[PDB]
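There is one chain below, alone, in structure tokens, taken in the form deposited in one PDB entry.
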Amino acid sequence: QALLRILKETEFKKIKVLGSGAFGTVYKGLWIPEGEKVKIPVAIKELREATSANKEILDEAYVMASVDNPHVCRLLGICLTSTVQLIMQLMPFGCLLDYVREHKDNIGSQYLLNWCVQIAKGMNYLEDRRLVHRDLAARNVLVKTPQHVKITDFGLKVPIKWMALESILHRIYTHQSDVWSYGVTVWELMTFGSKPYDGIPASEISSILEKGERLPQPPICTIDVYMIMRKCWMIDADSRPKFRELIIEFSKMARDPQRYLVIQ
């Protein structure tokens, strides 16, 4: 439908690099829609050129453009050339992982718990849309303003350290495996961006989980918060919390944040 703009190459301009990796490159730039009198700051993700589908691509992009939730990034436009370029609003404070690392000495309990609520709200919305994210992590949450974050990079180097055991062993991905990744994401935030299982080879992680070991209790977390994170990492997928429950629980904690996180 009319939710997704097919952009002409003249309608957007790459100005600065925001970041790059094996996926491709993201640029800060401007969207200059034809016949309008406006220049809109945007991010442009240019995927690496694929050797191998235009109808199929527009079909997936149409889904990314149809999400309508304050905590889920929405695709604004696409440009199909030798490459796929995806355009969305600029999120000026960057990814939440780097934001929490850079600002750790200045982040208090209310901020942290609000982020947990907002991420759970976005994932519950994706679940309501029958969309499984498959790569939720603090690096894939973007910061529009310090207390408005949004999930990105659904619909698009396997992220073993964020994966539910059944995803590692059987390539099963469900909303309940997303809940596992949500637990890991909360752990990243509560450790001010520490690396999960730091220094442990990816291929060792399944034996850690099989033995019953989990990521450790972050110093600032009271047992009530850590218990929620542990429940996200149950082997039985159906015994993990639902995102709806996570919203309610983190919303309750956000109402009395110093009862739940202990931050010097």
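Heads up, when I say rigid core I mean the largest set of C-alphas that superpose within 1.5 Å between the two forms. The first residue of the sequence shown is number 1, and the count goes up from there.
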As a check of understanding, is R130 unmodelled in at least a third of the other compared entries that model its flanking residues? no
Absent coordinates for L215 in a third or more of other compared entries: no
Count, per the entry, the deposited residues between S52 and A53 that are not modelled, and return the matching class: none, 1 to 3, 4 to 9, or 10 or more. 1 to 3
Looking at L165 and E166, the deposited sequence has unmodelled residues in between totalling none
Which of the two stretches, 58 to 66 or 220 to 228, shows the higher mean Cα temperature factor in the record? 58 to 66
Averaged over C-alpha atoms, is the B-factor higher for 104 to 112 or for 185 to 193 in this PDB entry? 104 to 112
By the CA temperature factor listed in this entry, which of these ranks top: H170, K161, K150, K121? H170
Deposited CA B-factor, highest of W180, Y125, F154, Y99: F154
Which third of the chain holds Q176 when residues are ordered by C-alpha B factor: lowest, middle or highest? middle
Modelled-residue ranking by C-alpha temperature factor, third containing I235: middle
Lowest, middle or highest third: which one holds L80 when the chain's residues are ordered by CA B-factor from the entry? highest
Of the three thirds of Cα B-factor ranks in this chain, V26 occupies the lowest
Chain-wide C-alpha B factor ranking for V38, given as lowest, middle or highest third: highest
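The same protein also has a form deposited in another entry, omitted here; what follows describes it.
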Of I208, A202, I220, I32, the one whose Cα moves 2 Å or more between this form and the one not shown after core superposition: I32
With both forms fitted on the core, give yes or no for whether the Cα of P41 moves by 2 angstroms or more between this form and the one not shown. yes
After superposing the rigid core, is the C-alpha displacement of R255 2 Å or more between this form and the one not shown? no
Cα separation of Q118 and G21 in the other entry versus here, shift of 3 Å or more: closer
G21 and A137: their C-alpha distance differs by 3 angstroms or more in the other entry. Do they come closer or move farther apart compared with the shown form? closer
